[PDB]
Ligand SMILES: O=C(O)Cc1cccc([N+](=O)[O-])c1
Ligand SMILES: [Zn+2]
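In the authors' numbering, the protein residues as written are 4 to 125, 127 to 261.
Following this line, the structure appears as structure tokens:
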């Protein structure tokens, strides 16, 4: 099934998911010179004080930190959005080396990794219904550069040994995602898609301008994860990023001058 090898990676996905060649696919390259400042954009409202993390899962593609999304406890609002979007999970994409790993690029620059905080529009009731709608999801994307450690990341890094292989989970309560945010909430936004199959065109992307810094040691621990299941040939979970897709008939808008 789909993955990130030679035989099953991004360049193959269209055969099972023809929307891979669609009009609003993600990620994209962000051309900072052509993204226009939109004064009508609002500040983003990230309200994570009541967030309830529950579990961390290796799904064979990344690891997900899952939240209780049965009430409006961690929500994203404002920005480009109408209405309220509940946090369901976050996950990352990363490289085999520090010079690649992000999905979005900035003037063709690849970051070492990219964090995706996935939220669904409460007007649709549940995640599965929301992904069927063009305004169903809001994904907050945050770039990771290698430098100083991110203290708030370390709890995640240190549990990864317990979820080495596909289908492993571990309890992961009381994790505060605020510790993964940069200082500024300046952002770019555009309409796009899930970046893994089924590649549904249901996402308002909000990509923060300011990266977070993580240490080399932190990203090295991401790269010890496995795509494979327990006792299968080990294949390191690295390069689990989809490359930039054609922008087509879209505009990327900036919240900032
Ligand atoms: O790979 C999946 O399981 C599908 C999926 C589910 C939730 C968010 C997603 N995203 O692209 O941000 C993709
Ligand atoms: Zn993602």
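Every residue, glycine too, gets a C-beta built ideally from N, C-alpha and C.
ask   = When we look at the beta-carbon of residue 238 and count the other beta-carbons within 10 Å, is it buried (16 or more) or exposed?
value = Exposed, by the Cβ-count rule.
ask   = residue 64 by DSSP, collapsed to three states: which one?
value = Coil.
request  = Name all residues in chain order for which at least one heavy atom of ligand 2 lies closer than 6 Å to the residue's CB.
outcome  = With the cut-off at 6 Å, the residues found are 94, 96, 119 and 199.
inquiry  = For the segment 184-201 against the segment 142-161, do three or more pairs of beta-carbon atoms, one drawn from each stretch, fall closer than 8 Å, so that the two count as touching?
reply    = The segment 184-201 is in contact with the segment 142-161.
query = Is DSSP giving residue 246 helix, strand or coil here?
reply = Under the three-state reduction of DSSP, residue 246 is assigned to coil, being neither helix nor strand.
inquiry  = Ignoring anything shorter than 3 residues, give me the beta strand (DSSP E) runs that lie fully in the segment 172-199, in order along the chain.
reply    = Correct list: 173-175 and 191-196.
request  = Specify the secondary structure class of residue 88 as computed by DSSP and reduced to three states.
outcome  = Note: residue 88 maps to strand in three-state DSSP.
message = Rounding to the nearest angstrom, what Cα-Cα distance links residue 4 and residue 235 in this structure?
response = One alpha carbon belongs to residue 4, the other to residue 235, and they sit about 19 Å apart.
query = Are the CB atoms of residue 90 and residue 70 nearer to each other than 9 Å?
reply = Result yes, Cβ atoms of residue 90 and residue 70 sit closer than 9 Å.
query = In chain order, what residues of the same chain lie with their CB nearer than 8 Å to the CB of residue 158, ignoring the 5 residues before and after it?
reply = The residues are 222.
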